[PDB]
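Shown here is one chain on its own, the form deposited without the partner chain, set out as structure tokens.
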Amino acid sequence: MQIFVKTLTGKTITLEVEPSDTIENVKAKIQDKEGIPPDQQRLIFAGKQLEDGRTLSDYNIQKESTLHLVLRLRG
């Protein structure tokens, strides 16, 4: 199924998942599509931090649940 991960930059990211892919699995593919590994970002859904360890099924991340992703932006 598709979900989306809108970020600090708006460049919404289209990524097909499964109901029990993990948070570092999703972070494994945003490093396979923009090149930034599973320690450098932090996923946020419904005001709640996605723990590296868990999996979609735990949070009701159904089809297309807008997800969000915090980078480390230096200014």
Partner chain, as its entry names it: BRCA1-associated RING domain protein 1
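Numbering follows the first chain given and starts at 1. If you superpose the two forms and keep the largest set of C-alpha atoms that fall within 1.5 Å, you have the rigid core.
Put simply, when the other structures in 4 other deposited structures of this protein are lined up on the rigid core, the C-alpha atoms of 30-38 lie farther off than those of the other stretch, from 30-38 and 43-51. Remark: when the other structures in 4 other deposited structures of this protein are fitted onto this one via the rigid core, 7-15 deviates more than the alternative among 7-15 and 55-63, judged by RMS CA distance.
Compared with the other modelled residues of the chain, the Cα B-factor recorded for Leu67 ranks in the lowest third. Ranked by Cα temperature factor within the chain, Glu18 sits in the highest third according to the deposited record. In the PDB entry, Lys33 places in the lowest third of its chain by CA B-factor. In the PDB entry, a CA B factor belonging to the middle third of its chain's modelled residues is recorded for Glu51.
Just so it is clear, the following notes concern the form solved in complex with the partner chain, a form of the same protein that is not shown.
Taking the partner from the other structure, the partner chain in the entry with it bound has a heavy atom within 4.5 Å of a heavy atom of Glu64. Contact annotation: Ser20 falls outside 4.5 Å of the partner chain in the entry with it bound, judged by heavy atom distances. Although the partner is absent here, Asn25 is not a contact residue: none of its heavy atoms lies within 4.5 angstroms of the partner chain in the entry with it bound. Residues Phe45, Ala46 are the ones in 24-46 with at least one heavy atom within 4.5 Å of the partner chain in the entry with it bound, listed in sequence order.
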